[PDB]
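Counting from 2, one number per residue, gives the positions in the sequence shown under the working numbering. Ideal Cβ placement from N, Cα and C applies to all residues, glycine included. Before any comments, here is the structure.
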Amino acid sequence: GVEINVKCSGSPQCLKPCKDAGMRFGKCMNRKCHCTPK
Numbered sequence: 002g003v004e005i006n007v008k009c010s011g012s013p014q015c016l017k018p019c020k021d022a023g024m025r026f027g028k029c030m031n032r033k034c035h036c037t038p039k
């Protein structure tokens with residue numbers, strides 16, 4: 002987690018694998034899924 006390189010296309014597509022990964026909420030930033038850690 003903590004900014005994974007997957008290259009997003011929007012914040013709802015980041016959400017789905019970042020929340021399965023183990024992070025909290027999702028939020029794309031600079032074409033990269035950034036997420037909030039614990």
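In this model, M30 and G11 are separated by some 9 Å (Cα to Cα). In the three-state DSSP reduction, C19 falls in the helix class (H, G or I).
Within its own chain, the residues whose Cβ lies closer than 6 Å to the Cβ of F26, once the five positions on either side in sequence are excluded, are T37, listed in chain order. Taking 9 Å as the cut-off, the beta carbon of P13 is found no closer than this to the beta carbon of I5.
Between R32 and the set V7, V3 and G2, the nearest pair of CA atoms involves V7.
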